[PDB]
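Engineer: Here's a sequence, model it:
(chains A, B, C and D, ligands or ions: 2)
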Amino acid sequence: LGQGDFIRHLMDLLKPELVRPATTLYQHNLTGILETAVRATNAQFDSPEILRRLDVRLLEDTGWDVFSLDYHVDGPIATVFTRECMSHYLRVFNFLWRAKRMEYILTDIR
Amino acid sequence: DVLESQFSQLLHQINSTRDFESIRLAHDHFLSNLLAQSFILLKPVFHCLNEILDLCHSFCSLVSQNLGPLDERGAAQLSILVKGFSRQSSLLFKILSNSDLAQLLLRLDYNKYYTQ
Amino acid sequence: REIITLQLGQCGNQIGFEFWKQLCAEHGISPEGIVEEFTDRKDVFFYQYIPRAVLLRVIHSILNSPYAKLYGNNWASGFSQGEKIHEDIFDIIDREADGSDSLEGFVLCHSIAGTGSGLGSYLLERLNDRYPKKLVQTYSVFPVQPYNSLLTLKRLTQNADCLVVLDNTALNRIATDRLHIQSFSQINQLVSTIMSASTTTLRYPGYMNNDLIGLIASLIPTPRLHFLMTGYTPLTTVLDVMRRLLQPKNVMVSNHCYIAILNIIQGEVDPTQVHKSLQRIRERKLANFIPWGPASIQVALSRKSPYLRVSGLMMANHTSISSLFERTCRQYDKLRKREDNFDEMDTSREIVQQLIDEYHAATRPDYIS
Amino acid sequence: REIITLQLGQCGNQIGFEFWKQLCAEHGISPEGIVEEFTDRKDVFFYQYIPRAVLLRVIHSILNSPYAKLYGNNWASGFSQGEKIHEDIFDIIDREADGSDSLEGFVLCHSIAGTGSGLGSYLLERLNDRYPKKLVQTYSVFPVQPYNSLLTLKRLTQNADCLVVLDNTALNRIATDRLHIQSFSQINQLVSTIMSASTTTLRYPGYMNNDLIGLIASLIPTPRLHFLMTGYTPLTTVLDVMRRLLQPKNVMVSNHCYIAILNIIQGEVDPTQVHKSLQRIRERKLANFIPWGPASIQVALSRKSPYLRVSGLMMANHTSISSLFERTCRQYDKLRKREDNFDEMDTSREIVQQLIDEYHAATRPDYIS
Ligand SMILES: Nc1nc2c(ncn2[C@@H]2O[C@H](COP(=O)(O)OP(=O)(O)O)[C@@H](O)[C@H]2O)c(=O)[nH]1
Ligand SMILES: Nc1nc2c(ncn2[C@@H]2O[C@H](COP(=O)(O)OP(=O)(O)O)[C@@H](O)[C@H]2O)c(=O)[nH]1
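Structural biologist: Residues are numbered from 1 along each chain as shown, chains lettered A, B, ... in the order given. Ligands and ions are numbered 1, 2, ... in the order given. Here you go, the structure:
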């Protein structure tokens, strides 16, 4: 979440979707919103290569409990991350996602 | 927008590399994309839309095989397909929910299937 | 599949002549009707070259042009004469039909204001009588004047299987803003650019949209809603185009929502980003649509004439066009209280009112049934 | 999200024009509104580049400037004339709002001392009528002057969603101290630096504060106490900046306690020692805080414009701001006993008395209820 500008727009677009239960959620729909979100923010001016790996994954309730980004990496660069950094980032990304919706709720009440 | 887009890359990879070895690979990858993008290799979607294909043959014939209202067991035959078509319609909807993003967007411009 | 054009009245004959001028110059065909040396499939609008036109004082001006080798005021006054020479003109149509391989449609270019108003009314009925299997598209033009306009509607609402609207008052406003004219010969120039661009995908060989049926069938969902309005941006990415189309300052018209949208791109734009523009455009939710029927926005590419930079035209079927009809009906009701049976006008008054309701009912979540 | 700015009266146009000059030079934007070659998110304040300004004699001197390609004295007189052109100016705003992707707020730059002040009070009410879900932040500037000042205060206390006070008496003293001027174009240099620095975290995105409500939701505790004051350190460690802003000889304002503080450090400072300094400043107890609810101090970093060193900006909510209203209040009563209903002055005089009564009671251990 070090970008901030991109995650702001991404939390405004997933609001109408994640409120529904997880059973009606299918990954094929969220990607469209994700591609639009990059264009709608400053993340469009970015290296096309790294943007090819950034996608969504569905953890396996409510839509605010199974959504998370993945950024899969394979090849030579995969010897620095080694399937454990990707099992640690997602362990972190939840705590930064919760502490981000608990704030945009409290600026909506305000 | 898969032909005029993949083709416009195949022609661009040609006028760029003075090497010929690229052409044998650029053209080869161009061909594999068409089989992959156009869902010809993807069996589930290709075995579901195929049912939609021959489905219209029946319906279009039904309207052309007469000039009066659907009374002589045509209506009895009419309600047969809608129970399958609309079932086949929303059946496809769950399939798309990598490449389908360019397709499902067009059908969902008015969020009509969202109500399905 | 060939399509023949029909030109009536002063307005029709003037714009159609210019419509060909833009068309023949678009190809390598000199004014004397011969190919210049200097791809473009020309079968739809030309015969082997000769254009498939049927024209009906002003003909002197055309015969005096360098293109000599290229071939009352009341509605009652017009309709009366048309019945008298019925068999005279239908010889021309018949001889042009069998001379064509497979006739497909009948483009009609006329103004609803005076002889073209009635004669066109007479034609459309008789055309449907003899030919029931032919599409009938008309390039009608909008402005005792109201009475002539209302009578034409009664025929245009049930006969013409397609239609486009071109209003001068809105067109004249574009003149003083971006062209600074204050002239018919000038405002007609935009019409030619509008008309020629309206049928670009038919002359250049493409994947789809190879017939008039391939274009209109997407827009008109039901035979009652058979009216369109136009839009033209260039007066440079695809997103730059689609944004500038939907602005209300560019369209040629004087709650409400669209039914279907067509986009004509005549430039050489990179076609990889086109699906991206729709994504961003849909998100912006810049335009509203019907909630009952599933539809989308149509976008089609083309190529500009090399013998002549990116342009763009948009075809729209908007329910806001019902507003224009009200003005005619509103004025007529004022005339009916201001002055052999006078019942034909009364029946038409009813049938035009039905169309206003059908549009108004179409913007409802429950238009169907 | 986008933020549309408005400029009213002679002051609003001048400080807004100087705000845009500084904001154009801070970015890579030529005076011809064209991007020069030479990361900074500029979509909020610039439109694809066009500023989202609505300007309202001084306009001519702006149009004769090199930046032309970038686009009585009573309160009742200023209120009525806005009513007669009610529909006029909103068409400019209505097209800019709907032409905008997703509107967020309305920045207002105006001086409450008189046609502009009267026009402002009118527009502040109508924006509450039409748009209920849009913030309205006002960069008001303090100076029959007592009359006009309190009337606009009646609207600024219940209409404007936030407010940043900038009084000339504090700015002029700063110009007669470190500036040594003995002019309007001179003190506006300082006003432009505070305004440009106020929205710094909006244009350079960081982990936090990516929206206008993010800065305001922390300071303003209740919708009534929506007045703020500013502090510029320069007219280097982070521990120096904080101790050079909390000083009362740097605030732009002529017991009491703080409610919330926000610090903007715009330098290239070391971002690892920022958490240390907040550990020490608490120990020296340089500021006294509210006893009823919890309050803290906030520090936010950013990056200076490379195309143009450490600077600071402190936005605070001090109950000592109640004194400024008292001066206008007391000045009003002296004129009321000295000279169609004159009842609006009575209501305005009454409602500001409740605001002052909130502040003096906001410093007690039982402000709850
Ligand atoms: N926009 C446009 N309208 C035209 C032009 N020429 C004629 N018209 C329209 O045609 C109407 C008059 O037609 P009219 O001359 O009576 O047709 P006629 O009776 O067959 O000769 C007017 O209302 C005009 O608006 C033209 O060049 N441009
Ligand atoms: N801070 C600041 N205030 C200004 C500036 N110019 C004018 N003012 C204020 O505006 C007031 C005069 O308003 P005026 O322009 O006569 O109102 P108008 O005639 O209705 O536009 C004075 O009381 C000043 O305090 C400026 O450059 N900076």
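Engineer: who are the neighbours in contact with the closest residue to chain B within the stretch 251-369 of chain C?
Structural biologist: As assessed by CB to the nearest CB, chain B sits closest to residue C:294 within the stretch 251-369 of chain C, at 3.5 Å. Placement of C-beta: from N, CA and C, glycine included. By CB atoms under 8 Å, 6 or more residues apart in numbering or on different chains, the contact set of residue C:294 is B:107, B:110, B:112-113.
Engineer: how about the residues of chain A that lie near chain B?
Structural biologist: Counting by CB under 8 Å from any CB of the partner chain, the positions of chain A adjacent to chain B are A:25-29, A:31-32, A:35.
Engineer: got those residues as a markdown table, with secondary structure and distance to residue C:266 columns?
Structural biologist: Shown next, in a markdown table, are these (DSSP: H, G, I helix; E, B strand; the rest coil; distance: CB to CB, whole Å):
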| residue | secondary structure | distance to residue C:266 |
| --- | --- | --- |
| A:25 | coil | 42 |
| A:26 | coil | 38 |
| A:27 | helix | 38 |
| A:28 | helix | 34 |
| A:29 | helix | 34 |
| A:31 | helix | 32 |
| A:32 | helix | 29 |
| A:35 | helix | 28 |
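Engineer: among these, which ones are buried?
Structural biologist: Those of the residues of chain A next to chain B that meet the buried threshold are A:25, A:28-29, A:32, A:35, by 16 or more other CB atoms under 10 Å in any protein chain shown.
Engineer: Using JSON lines, please lay out the residues you listed together with distance to residue C:134.
Structural biologist: Output for those, formatted as JSON lines (distance: CB to CB, whole Å):
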{"residue": "A:25", "distance to residue C:134": "51"}
{"residue": "A:28", "distance to residue C:134": "44"}
{"residue": "A:29", "distance to residue C:134": "44"}
{"residue": "A:32", "distance to residue C:134": "42"}
{"residue": "A:35", "distance to residue C:134": "45"}
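Engineer: how about CSV for those residues, with distance to chain C added?
Structural biologist: Converted to CSV, these look like this (distance: CB to the nearest CB, whole Å):
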residue, distance to chain C
A:25, 19
A:28, 15
A:29, 13
A:32, 7
A:35, 6
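Engineer: How much space separates residue C:236 from residue C:364?
Structural biologist: Separation of residue C:236 from residue C:364 (CB to CB, to the nearest Å): 39 Å.
Engineer: For the chain, which segments are assigned as helices?
Structural biologist: Looking at chain A here, since you left the chain open. Ranges of helices within chain A are A:5-13, A:15-18, A:27-40, A:48-53, A:78-81, A:86-104, A:106-109, based on DSSP state H.
Engineer: try chain B instead
Structural biologist: B:3-14, B:21-37, B:43-64, B:74-96, B:101-107, B:112-115.
Engineer: bridging residues for the residue nearest the centre of chain A?
Structural biologist: Centroid-nearest residue in chain A: residue A:69, 3.7 Å away (criterion: CA atoms, centre = their mean). On the basis of DSSP bridges, residue A:69 is bridged to residue A:56.
Engineer: right, is the host helix or strand of residue C:16 up against ligand 1?
Structural biologist: Here residue C:16 sits within helix C:9-26, counting by DSSP states H and E. Yes. Helix C:9-26 is in contact with ligand 1 by CB under 6 Å from any ligand atom, via C:9-11, C:14.
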